[PDB]
Amino acid sequence: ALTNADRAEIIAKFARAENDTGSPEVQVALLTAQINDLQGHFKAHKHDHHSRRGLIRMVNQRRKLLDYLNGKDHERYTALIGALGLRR
Amino acid sequence: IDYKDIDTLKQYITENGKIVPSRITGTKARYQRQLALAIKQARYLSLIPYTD
Amino acid sequence: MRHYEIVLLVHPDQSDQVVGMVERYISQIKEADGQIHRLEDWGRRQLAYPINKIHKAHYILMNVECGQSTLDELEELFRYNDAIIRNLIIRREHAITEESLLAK
Amino acid sequence: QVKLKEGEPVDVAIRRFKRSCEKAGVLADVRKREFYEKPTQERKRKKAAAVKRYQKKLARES
Amino acid sequence: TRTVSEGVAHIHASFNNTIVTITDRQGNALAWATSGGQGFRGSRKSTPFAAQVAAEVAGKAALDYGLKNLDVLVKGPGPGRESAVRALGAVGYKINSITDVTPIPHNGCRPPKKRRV
RNA sequence: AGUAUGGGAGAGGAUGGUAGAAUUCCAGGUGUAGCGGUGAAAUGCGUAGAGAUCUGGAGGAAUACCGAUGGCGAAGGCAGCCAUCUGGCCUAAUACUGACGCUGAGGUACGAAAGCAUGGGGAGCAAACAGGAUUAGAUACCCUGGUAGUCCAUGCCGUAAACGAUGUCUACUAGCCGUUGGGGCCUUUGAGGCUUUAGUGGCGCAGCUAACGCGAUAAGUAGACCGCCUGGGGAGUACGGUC
């Protein structure tokens, strides 16, 4: 599980201003890190459906934020997906 | 509360060794839950008997 | 790291070894890392019900702060040592250092 | 563990032990162990008991 | 032949019968009697009167071994527990302590089905 | 509508250990004619020694008391204790983004019990079946036994009176009495009293309803989107198709 230090580094790296925590870039970065971390957990416990629901909710939230950012500003969307290595 | 307070724990045990209900003792729900946890830990540690 | 509290019941015939086993465990904790916040020897106690046809035991309480590997080694040592007949390990958040009841 | 003192009679011992067992309520568990009760029936009975308890509390309040 | 002063009585009282067993401590049997052994065949085995009759026979049989004070344990929800424990005092023993030792599972095995009588 | 930082409650989920009670069986002492079962009996067990009582051993399954009109979960569901991995919820104040929302045809995921496939395990219970009763007959209810199954691992099946017989989201509309998890205030020394919030219950005004009844957890007053109904049988049936 990610801790406060890792989350702080992610926020510092993707912040668009000072004390910025609500930006779509920051939110998508945090969601991506959390999903990538939980992949290892779901490798071992194949039958944790109750936690897999929360994972699916994270995926859906990330997709919605990406769609909103693409609708608003295309260049920022391209830069963010390039930085995080997302295929789309 | 914790399992090492055996003198306190005996105050909520009948002669048979069973836990006394909150409706009889006059306890808060959370305090009762902590009491039950501590008593079950004490029985395992053999500080107080299971039955009789 | 995480704080653990361990309680051990020792066979009274092997009570002459309790000092040795306890310093061995504490040392291993030290070269691992560790911070022994508390060690209490409750002493000789009657069991409420006999265990394995034993009626008296030596009660030892330890408070440690360790990692997962050190915890696994401690658990396996407790499992394999024949003198230790029962042990309880509880995770707690906060270091406990004050003298507790039963230390009399 | 009804331990008699120096000079109670047998009948007094019997009645005091009967009162102790009535307080203990072992016979209720022994009767319950005679046959298997299904979870549906158990939940129904406990719901009825709760309803009766709440009805009794209001009556005792008034 | 053997002489012992302190003994234990066991009253196994079911809904179909009652067995009164007299032993010494450490559980070595000395004398016993049941309602079936005094006639009382069939359903009459469960009456309190039969329990009293069996208890009297058992106490008199144990008097030969020569017990004067005994400890009584009653197990089972039988209708003859009270008569069985009373008859011993009439016989003449001293009941030091009498208790209940009925077993209760801590949610163990599954009991049989309910009778649709 | 969402994000970061402090705190809190919980049978929420997955994995692995471990404890006590009880049932069955086995071995051994004490001991001797019954035990068991029913409305009453009988089948059955026992003098190559039961049942009862005491000691030791093996194995499987479930977690008394606490326990609650309690709690958690989208639903199905989840109860001994401990460790590891992990989801959601409640609560305070600032800070941040700036409509990023609601619903949802097709689709997809989960989904009690019974059932199926491969390999294990098997204490108790127990469809099928065997015997004893009852009865005009008993195919059943009652009794004595008892195999699948109930348990574990890996998959399938996709159905229940899967029910609050009440789709999801939002706002507004008298009061009174309880209970669970938090916040605030007041006494005044520690136990109480007022509020506010998110759940969970009992009455009840207006309003609604064929009536029963519902009534801030609406079946009231309104808005958005979806699913479904059109007399009873034939019939959730045939044909075709998909799995």
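Our subject is the structure that appears above.
Presented here is a report on the structure given in the accompanying data block.

Calculation criteria
- Residues numbered from 1 in each chain as written, not as in the entry; some residues may be left out.
- Chains lettered and ligands numbered in written order.
- Part of a larger assembly, values for the part shown.
- Heavy atoms only, no water.
- Helix = DSSP H or I, 4+ residues; strand = E, 2+ residues; numbered from the N terminus.
- Contact = heavy atoms within 4.5 Å.
- Areas by Shrake-Rupley, 256 points an atom, 1.4 Å probe, with all protein chains shown as cover.
- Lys, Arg positive; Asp, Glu negative; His and termini not counted.
- Charge placed at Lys NZ, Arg CZ, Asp CG, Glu CD.
- Buried area = accessible area lost by both parts, 1.4 Å probe.
- Salt bridge = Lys/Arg side-chain N within 4 Å of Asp/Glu carboxyl O.
- Polar contact = N/O pair within 3.5 Å; in protein donor to acceptor, adjacent residues only side chain to side chain.
- Nonpolar A, V, L, I, M, F, W, Y, C, P; charged D, E, K, R; others polar.
- Core = buried A, V, L, I, M, F, W, Y, C linked by side-chain atoms within 4.5 Å.
- Buried < 20%, exposed > 50% of the residue type's maximum accessible area, 1.4 Å probe, protein only.
- Axes fitted to C-alpha atoms, helices over the stretch in contact; angles between N-to-C directions.
- Parallel < 35°, antiparallel > 145°, perpendicular 65-115°, else oblique.
- Left-handed = near helix turned anticlockwise from the far one by under 90°.
- Near = heavy atom within 4 Å.
- Pairing = 2+ DSSP bridges.

Okay, the overall build of chain E next. Each helix and strand in chain E was counted, giving two helices and five strands. The order of α-helices and β-strands along chain E, N terminus first, is β-β-β-α-β-α-β. C-alpha atoms of chain E, sized along the principal axes, occupy 50 × 35 × 20 Å. Considering only contacts in chain E between residues 6 or more positions apart, those separated by 24 or more positions represent 65%. A total of about 6500 Å² of accessible surface is found on chain E, and carbon and sulfur atoms cover 53% of it. For chain E, the distance from the average site of its 16 positive side-chain charges to the average site of its 7 negative ones is 14 Å.

Turning our eyes to something else, we now look at the interface of chain D and chain E. Each partner contributes residues to the interface: chain D has 18 residues there, and chain E has 22 residues. Summing both sides of the interface, chain D and chain E together bury roughly 1900 Å²; the carbon and sulfur share of this comes to 69%. There are one salt bridge connecting chain D and chain E. Close ionic contact of E:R86 with D:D11 constitutes a salt bridge, the shortest N to O distance being 3.9 Å. Linking chain D with chain E are six residue pairs in polar contact. Sorting the residues of the side of chain D that touches chain E by element identifies β1 (2-3), α1 (10-24) and α2 (26-32) of chain D as the ones contributing at least two each. For the side of chain D that touches chain E, the residue count by class is 12 nonpolar, one polar and five charged.

Now for the nonpolar core. If you look at the biggest cluster of nonpolar residues, it comprises 28 residues, and the most contacted ones within it are E:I11, E:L67, E:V72 and E:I95. Discounting residues that sit within four places of it in the chain, E:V72 has contacts with E:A9, E:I11, E:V85, E:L88, E:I95, E:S97, E:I98 and E:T99. Ranked by size, the runner-up nonpolar core spans 22 residues in total, among them B:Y12, B:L35, C:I51 and C:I90.

It is worth spelling out the packing of helix α2 (residues 24-44) of chain A against helix α4 (residues 74-84) of chain A at this point. All names here are of chain A. At a minimum axis separation of 11 Å, α2 and α4 run at an interaxial angle of 25°. Taken together, the axis directions place α2 and α4 in an arrangement best described as roughly parallel. Our pair here, α2 against α4, has a crossing hand that is right-handed. Where α2 abuts α4, its residues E25, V28, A29 and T32 lie against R76, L80 and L84. Among the residues making up the contact of α2 with α4, the classes are represented as four nonpolar, one polar and two charged.

It is worth spelling out the protein's contact with RNA strand F at this point. As a matter of local geometry, RNA strand F sits amid 82 residues, with A:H41, B:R30, C:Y4, E:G27 and E:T34 nearest to it. A breakdown of the atoms of RNA strand F within 4 Å of the protein gives sugar and phosphate a share of 76%. Contact distances for RNA strand F include 2.6 Å between a sugar or linking oxygen and a backbone N or O atom of E:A29. A distance of 2.7 Å separates a sugar or linking oxygen of RNA strand F from a polar backbone atom of E:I104. A per-element tally of the surface near RNA strand F places helix α3 (residues 49-72) of chain A first, with 10 residues.

Right, let's talk about the pattern of salt bridges for a bit. Scanning the entire structure with this criterion turns up 17 salt bridges over all chains. Between A:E25 and A:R16 there is a salt bridge, and its shortest N-O distance comes to 3.5 Å. In this structure A:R16 comes out as exposed when scored by relative accessible area, which is 53%. Because the salt bridges share partners, they merge into one network encompassing B:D2, B:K4, C:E5 and C:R92.

Here four strands make up an open sheet; going across it, the order is β2-β3-β1-β4 (chain C) and the pairing antiparallel. In this open sheet, the two edge strands, each paired with only one partner strand, are β2 (38-51) and β4 (84-92) of chain C. Between one strand axis and the next, the sheet turns by 25° as a mean value, whatever way the strands run. Pairing of strand β1 (residues 2-10) of chain C with β4(C) involves eight bridges; the strand directions are antiparallel. Paired with C:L9 across the two strands is C:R86, which belongs to β4(C). Strands in contact with helix α3 (residues 29-45) of chain B are β1, β2, β3 (54-66) and β4 of chain C; relative to β4(C), the strand with the most contacts, it is inclined by about 155°. In the packing of helix α1 (residues 18-32) of chain C onto the sheet, the strands contacted are β1, β2, β3 and β4 of chain C, and the crossing angle to β3(C) comes to about 15°.

Contacts between the two partners involve 19 residues from chain C and, on the opposite side, 14 residues from chain B. Carbon and sulfur atoms supply 65% of the area buried between chain C and chain B, which totals about 1400 Å² over both sides. On the surface where chain C and chain B come into contact, there are one salt bridge. At the junction of chain C and chain B, the tally comes to six residue pairs in polar contact. Listed by contribution, the elements that provide at least two residues to the side of chain C that touches chain B are β1, β2, β3 and β4 of chain C. If you tally residues by element for the side of chain C that touches chain B, the top one is β2(C), at six residues. A per-class count over the side of chain C that touches chain B returns 13 nonpolar, two polar and four charged.

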